[PDB]
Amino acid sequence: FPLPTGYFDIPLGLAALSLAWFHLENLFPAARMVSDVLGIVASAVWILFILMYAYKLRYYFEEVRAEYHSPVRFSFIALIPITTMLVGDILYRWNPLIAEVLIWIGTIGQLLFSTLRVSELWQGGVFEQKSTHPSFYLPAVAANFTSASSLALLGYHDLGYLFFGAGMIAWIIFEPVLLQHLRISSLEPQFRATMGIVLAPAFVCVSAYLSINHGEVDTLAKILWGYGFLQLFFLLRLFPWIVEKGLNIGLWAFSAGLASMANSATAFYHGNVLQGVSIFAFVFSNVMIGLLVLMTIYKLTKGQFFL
């Protein structure tokens, strides 16, 4: 099938970045146009990819079945409800009714997905030590944080905290075994771009947290940022190894973390906490997503995007 499921990282990153710029509109009015443009592009890409995945389900179902039952590849399916919710979050600025439908569909969908598949892993004998990949964060962590912030947008703050807690504790519970595995077992080049997902947890976490707690930059938020930056520095040092075999579209795996660096930066700035660091983070993350967009346009022009 021409669209790899991981390509949903593209509308993910663009949508999350739209939301970051939305949050600067009262500081700088021109930010709203930037936000609206990113949000429209993200939503358009999302519509296309959803329609493609619907085609995959109807006409390439055995491919979906295999990816679903894989103890590694199943995780990327979580990008579908994650991006559904982020597009709902964008659309809320124009039509809260349609936004709320998408947010609930994505929330119910992700929770059903993890409840069916993530739990099934605990039966043993399918997941192996070599299945311990960064992509596991998507259904386990990122999906819950996205529900948390989306439900908060709709006014469901206490429900949002339930999802937030599920994501935060799931993160802390998985990461220890992931990092140990990475230390011992060299992740093969074909999977290395997924190291970008390692950037996500702390930044997604703090972004979701600030979405639910009325943007109060408190001790927890600062603690999360600190570990987030540690991981950034580690991944920056590792970047040449990450791309040993060349630049590829899989690098959009970094975009959840990058866009969430941008979003959380707007809240730190608004709160007058570490404004200088905030400006750095916001500019850095925009530049890197900008480079992702330029490499993507390049690939599309050369006919090297779709399978």
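Quick note: we count residues from 1 along the sequence shown, nothing fancier.
**Student:** Which is higher in the entry, the mean Cα B factor of 276 to 284 or that of 50 to 58?
**Tutor:** The recorded data point to 50 to 58.
**Student:** Read off the CA B-factors in the entry, average them over 28 to 36 and over 254 to 262, and name the higher stretch.
**Tutor:** The deposited B-factors put 28 to 36 ahead on the C-alpha mean.
**Student:** According to the Cα B-factor stored in this entry, which of the following is highest: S207, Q190, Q129, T146?
**Tutor:** Going by the entry's C-alpha B-factors, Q190 comes out highest.
**Student:** Hey, out of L238, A66, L247, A267, whose CA B-factor is highest in the deposited coordinates?
**Tutor:** Among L238, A66, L247, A267, the PDB entry lists the largest C-alpha B-factor for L247.
**Student:** Which third of the chain holds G228 when residues are ordered by C-alpha B factor: lowest, middle or highest?
**Tutor:** Lowest third - that is where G228 ends up once the chain's C-alpha B-factors are sorted.
**Student:** Would you check the entry's CA temperature factor for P96 and let me know if it's in the chain's lowest, middle or highest third?
**Tutor:** According to the entry, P96 has a C-alpha B-factor in the chain's highest third.
**Student:** Comparing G196 with the other modelled residues of its chain, is its CA B-factor in the lowest, middle or highest third?
**Tutor:** Its C-alpha B-factor, which the entry lists for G196, ranks in the lowest third among residues of this chain.
**Student:** State the tercile, meaning the lowest, middle or highest third, of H181 with respect to the CA B-factors recorded for its chain.
**Tutor:** Lowest third - that is where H181 ends up once the chain's C-alpha B-factors are sorted.
**Student:** Would the CA B-factor of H157 place it in the lowest, middle or highest third of its chain?
**Tutor:** For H157, whose C-alpha B-factor we compare with every modelled residue in the chain, the answer is the middle third.
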